[PDB]
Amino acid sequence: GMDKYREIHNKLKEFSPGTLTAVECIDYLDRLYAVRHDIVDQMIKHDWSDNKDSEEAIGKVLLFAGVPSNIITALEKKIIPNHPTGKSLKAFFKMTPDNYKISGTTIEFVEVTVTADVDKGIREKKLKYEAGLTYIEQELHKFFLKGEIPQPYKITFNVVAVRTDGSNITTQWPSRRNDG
(Lines of atoms letter the chains of each structure in order from A and count residues from 1; the text may use other names and numbers.)
(Lines give C-alpha, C1' and ligand atoms only; values in the text may rest on other atoms or scores of the structure.)
Protein backbone atom coordinates (compact mmCIF):
# COMPACT_ATOMS: atom_id res chain seq x y z
CA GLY A 1 0.00 0.00 0.00
CA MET A 2 2.63 2.51 1.18
CA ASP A 3 5.35 0.54 -0.74
CA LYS A 4 4.15 2.10 -3.89
CA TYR A 5 4.26 5.56 -2.34
CA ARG A 6 7.71 4.96 -0.83
CA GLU A 7 8.97 4.19 -4.36
CA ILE A 8 7.21 7.19 -5.93
CA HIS A 9 8.52 9.44 -3.17
CA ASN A 10 12.12 8.35 -3.75
CA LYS A 11 11.83 9.23 -7.43
CA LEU A 12 10.89 12.84 -6.58
CA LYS A 13 14.59 13.50 -5.80
CA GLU A 14 15.09 17.32 -5.68
CA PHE A 15 11.30 17.86 -5.31
CA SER A 16 11.19 15.87 -2.08
CA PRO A 17 14.72 15.98 -0.67
CA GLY A 18 13.78 14.58 2.78
CA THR A 19 13.26 10.86 3.47
CA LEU A 20 9.57 9.94 3.84
CA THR A 21 8.42 10.53 7.47
CA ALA A 22 6.11 8.46 9.72
CA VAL A 23 3.67 11.37 10.15
CA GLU A 24 3.48 11.77 6.34
CA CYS A 25 2.79 8.09 5.86
CA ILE A 26 0.01 8.10 8.45
CA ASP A 27 -1.63 11.11 6.72
CA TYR A 28 -1.31 9.40 3.32
CA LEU A 29 -2.82 6.16 4.69
CA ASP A 30 -5.71 8.18 6.10
CA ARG A 31 -6.29 9.71 2.63
CA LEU A 32 -6.33 6.23 1.10
CA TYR A 33 -8.84 5.01 3.72
CA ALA A 34 -11.11 7.99 3.06
CA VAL A 35 -11.16 7.12 -0.65
CA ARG A 36 -11.86 3.49 0.12
CA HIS A 37 -14.79 4.61 2.29
CA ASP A 38 -16.15 6.85 -0.44
CA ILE A 39 -15.86 4.24 -3.19
CA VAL A 40 -17.70 1.58 -1.13
CA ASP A 41 -20.29 4.22 -0.17
CA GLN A 42 -20.74 5.05 -3.90
CA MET A 43 -21.20 1.32 -4.64
CA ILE A 44 -24.13 1.15 -2.22
CA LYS A 45 -25.51 4.44 -3.59
CA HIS A 46 -25.40 3.13 -7.14
CA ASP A 47 -27.93 0.33 -6.67
CA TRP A 48 -29.27 0.34 -3.09
CA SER A 49 -29.61 3.81 -1.57
CA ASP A 50 -32.47 6.22 -2.12
CA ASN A 51 -29.87 8.97 -1.65
CA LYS A 52 -27.77 8.70 -4.80
CA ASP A 53 -25.77 11.92 -4.29
CA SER A 54 -24.97 12.52 -0.64
CA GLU A 55 -25.72 11.49 2.92
CA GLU A 56 -28.95 12.93 4.30
CA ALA A 57 -29.97 14.21 7.73
CA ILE A 58 -32.15 11.78 9.73
CA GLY A 59 -34.89 14.44 10.22
CA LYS A 60 -35.10 14.84 6.43
CA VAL A 61 -35.28 11.08 5.84
CA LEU A 62 -38.24 10.94 8.26
CA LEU A 63 -40.01 13.62 6.19
CA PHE A 64 -39.23 11.71 2.97
CA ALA A 65 -40.69 8.58 4.61
CA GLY A 66 -44.00 10.36 5.27
CA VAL A 67 -43.62 11.38 8.91
CA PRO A 68 -45.68 14.58 9.26
CA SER A 69 -43.77 17.78 9.93
CA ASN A 70 -45.77 18.39 13.17
CA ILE A 71 -44.72 14.93 14.46
CA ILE A 72 -41.06 15.68 13.70
CA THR A 73 -41.38 18.96 15.61
CA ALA A 74 -42.95 17.15 18.60
CA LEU A 75 -40.10 14.58 18.62
CA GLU A 76 -37.32 17.23 18.76
CA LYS A 77 -37.59 18.02 22.52
CA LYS A 78 -37.30 14.37 23.58
CA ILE A 79 -34.06 13.02 25.09
CA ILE A 80 -32.82 9.67 23.75
CA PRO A 81 -32.83 7.03 26.53
CA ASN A 82 -29.51 5.56 27.30
CA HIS A 83 -27.64 7.76 24.81
CA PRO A 84 -23.91 7.96 25.81
CA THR A 85 -24.09 11.81 25.95
CA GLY A 86 -27.85 12.43 26.63
CA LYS A 87 -28.43 13.78 23.10
CA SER A 88 -31.86 15.16 22.15
CA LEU A 89 -33.70 14.16 18.98
CA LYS A 90 -33.34 17.77 17.74
CA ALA A 91 -29.54 17.17 17.63
CA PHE A 92 -29.86 13.53 16.49
CA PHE A 93 -32.07 14.56 13.54
CA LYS A 94 -29.13 16.58 12.14
CA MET A 95 -26.89 13.55 11.92
CA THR A 96 -26.21 12.04 8.51
CA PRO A 97 -25.76 8.27 8.18
CA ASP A 98 -24.19 7.37 4.84
CA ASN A 99 -27.14 5.62 3.19
CA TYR A 100 -30.85 5.11 3.58
CA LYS A 101 -33.63 3.27 1.75
CA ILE A 102 -37.32 3.78 2.38
CA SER A 103 -39.76 0.94 1.64
CA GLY A 104 -43.13 2.31 2.74
CA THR A 105 -42.78 2.89 6.48
CA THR A 106 -39.65 0.74 6.71
CA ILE A 107 -36.54 2.90 6.78
CA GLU A 108 -33.18 1.15 6.49
CA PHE A 109 -29.90 2.92 7.24
CA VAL A 110 -26.45 1.66 6.18
CA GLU A 111 -23.31 3.31 7.56
CA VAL A 112 -19.94 2.55 5.97
CA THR A 113 -16.79 2.46 8.09
CA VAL A 114 -13.19 1.77 6.99
CA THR A 115 -11.29 0.49 10.01
CA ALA A 116 -8.29 -1.60 11.06
CA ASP A 117 -10.51 -3.23 13.73
CA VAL A 118 -13.95 -4.25 12.40
CA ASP A 119 -15.41 -5.03 15.83
CA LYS A 120 -14.34 -1.61 17.13
CA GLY A 121 -15.58 0.22 14.00
CA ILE A 122 -18.98 -1.48 14.18
CA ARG A 123 -19.26 -0.76 17.92
CA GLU A 124 -18.39 2.95 17.32
CA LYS A 125 -21.07 3.37 14.62
CA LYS A 126 -23.73 1.54 16.64
CA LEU A 127 -22.90 3.77 19.63
CA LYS A 128 -23.48 6.82 17.43
CA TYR A 129 -26.80 5.81 15.80
CA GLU A 130 -28.51 2.93 17.28
CA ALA A 131 -30.12 4.19 20.53
CA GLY A 132 -31.43 7.25 18.64
CA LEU A 133 -32.95 5.25 15.79
CA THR A 134 -34.52 2.74 18.18
CA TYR A 135 -36.03 5.60 20.19
CA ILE A 136 -37.45 7.23 17.05
CA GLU A 137 -39.14 3.92 16.19
CA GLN A 138 -40.59 3.61 19.70
CA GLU A 139 -41.95 7.18 19.67
CA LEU A 140 -43.39 6.94 16.16
CA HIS A 141 -45.20 3.76 17.25
CA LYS A 142 -46.79 5.65 20.18
CA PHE A 143 -48.11 8.22 17.67
CA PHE A 144 -49.55 5.38 15.60
CA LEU A 145 -51.24 3.82 18.64
CA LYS A 146 -52.81 7.24 19.40
CA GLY A 147 -54.14 7.47 15.79
CA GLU A 148 -51.93 10.48 14.90
CA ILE A 149 -50.20 8.62 12.05
CA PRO A 150 -51.90 5.88 10.00
CA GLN A 151 -49.07 3.27 10.18
CA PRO A 152 -46.09 2.63 12.41
CA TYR A 153 -42.54 2.63 11.19
CA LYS A 154 -39.73 0.12 11.21
CA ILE A 155 -36.23 1.62 11.42
CA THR A 156 -33.13 -0.56 10.97
CA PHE A 157 -29.47 0.29 11.31
CA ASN A 158 -26.74 -1.66 9.53
CA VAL A 159 -22.96 -1.17 9.38
CA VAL A 160 -20.75 -2.18 6.46
CA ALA A 161 -17.19 -2.41 7.87
CA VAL A 162 -14.45 -2.48 5.23
CA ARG A 163 -10.99 -3.58 6.37
CA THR A 164 -8.12 -1.14 5.80
CA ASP A 165 -6.07 -3.95 4.21
CA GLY A 166 -7.47 -6.47 1.67
CA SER A 167 -10.93 -7.09 0.22
CA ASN A 168 -12.77 -8.41 3.32
CA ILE A 169 -15.92 -6.77 4.65
CA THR A 170 -18.08 -7.40 7.66
CA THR A 171 -21.80 -6.63 7.60
CA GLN A 172 -23.51 -6.01 10.88
CA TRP A 173 -27.32 -6.28 10.65
CA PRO A 174 -29.35 -5.51 13.77
CA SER A 175 -29.41 -9.17 15.03
CA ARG A 176 -26.34 -10.77 13.38
CA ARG A 177 -22.91 -10.31 11.89
CA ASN A 178 -21.37 -11.75 8.72
CA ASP A 179 -17.63 -11.43 8.17
CA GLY A 180 -16.60 -11.82 4.55
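All residue numbers refer to positions in the sequence shown, first residue = 1.
As the entry records it, the average C-alpha temperature factor is higher for 144 to 152, out of 65 to 73 and 144 to 152. Just going by the entry, 124 to 132 versus 32 to 40 on mean CA temperature factor gives the higher value to 124 to 132. In the deposited entry, the Cα temperature factor of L89 places it in the middle third of its chain's modelled residues.
Looking at the C-alpha B-factors along this chain, the one for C25 belongs to the middle third. In this PDB entry, the Cα temperature factor of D53 sits in the top third of its chain's modelled residues, the highest group.
Ranked within its chain, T170 lands in the middle third, by CA B factor from the PDB record. Looking at the C-alpha B-factors along this chain, the one for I80 belongs to the highest third.
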